[PDB]
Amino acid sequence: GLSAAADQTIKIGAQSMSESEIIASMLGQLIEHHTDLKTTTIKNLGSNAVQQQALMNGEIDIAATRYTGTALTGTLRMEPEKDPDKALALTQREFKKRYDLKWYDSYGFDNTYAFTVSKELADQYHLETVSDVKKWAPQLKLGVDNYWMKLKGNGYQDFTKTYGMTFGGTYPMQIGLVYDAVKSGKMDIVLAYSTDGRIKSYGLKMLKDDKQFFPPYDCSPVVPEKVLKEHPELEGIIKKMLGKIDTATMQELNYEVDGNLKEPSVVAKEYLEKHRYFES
């Protein structure tokens, strides 16, 4: 019954990325700061599609981190849109219309796929753009995440068709491993995620996507309208995180987990404390 709503546990989904665990924990702690609601994190969701299904079948009440470009092509099956603001607006409109899901404004950061090399290699061969490695592709070993080879739309197949290059070797691995793979020289180039905290201190260089192959990937929480109706305090709490977390900050938080060996819940807690829970 409705009088039991206050007694329910809010299930917050996290994908298998440090970023998603940090943000899921932050949102849970913020909810507990303001309400008597219990929260839990449903971790290790594999992908955008897994999160989408889990929202529609009640397995998660909030998806902590979704990315506009991924949802536009993968979930909505729409033509890609190059403009970040337009992509977000389209995604918001269609998510409400098709799924009765609220796709919130962004936290303030985007997390894009980015072809990444050591600064040493970039300096030696004057590498600035993806096209700059076209003539080198057969002599390069590329490390990628464990999903990108089969991924539709902005995956390996469409990349080869759009950029007209294939690498001498492709090596799928868990995303977290690619940073050490390129730093150590095992890979010459990797498809990194732009918010990773290791890119800066590992001395890595992200190449410009000069063909604009990759869409915008602004990050937002997504919540079913039914959940918002049953817990009317959630709207105001989620709003407190929006537009407040920039890409440099997200990278720093990711670094705390991956480079400074902190648990995502501790990273989230320390950030909330530093910023006085977003109201000083």
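Numbering starts at 1 and follows the sequence shown.
For the segment pair 92-100 and 183-191, the entry gives 183-191 the higher mean B-factor, averaged over Cα atoms. Here 149-157 and 68-76 are compared by their mean Cα B-factor, and 149-157 comes out higher. For the set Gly176, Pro84, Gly108, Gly168, the PDB entry puts the maximum C-alpha B factor at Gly168. Comparing the listed residues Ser201, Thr116, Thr112, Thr129, the entry records the largest Cα B-factor for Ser201.
In this PDB entry, the Cα temperature factor of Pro216 sits in the bottom third of its chain's modelled residues, the lowest group. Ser25 sits in the lowest third of its chain by CA B factor, as recorded in the PDB entry. For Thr39, the recorded CA temperature factor ranks within the highest third of the chain's modelled residues.
Ranked against the other modelled residues of its chain, the C-alpha B-factor of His231 as given in the entry falls in the highest third. When the modelled residues of the chain are ordered by their C-alpha B factor, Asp196 lands in the lowest third.
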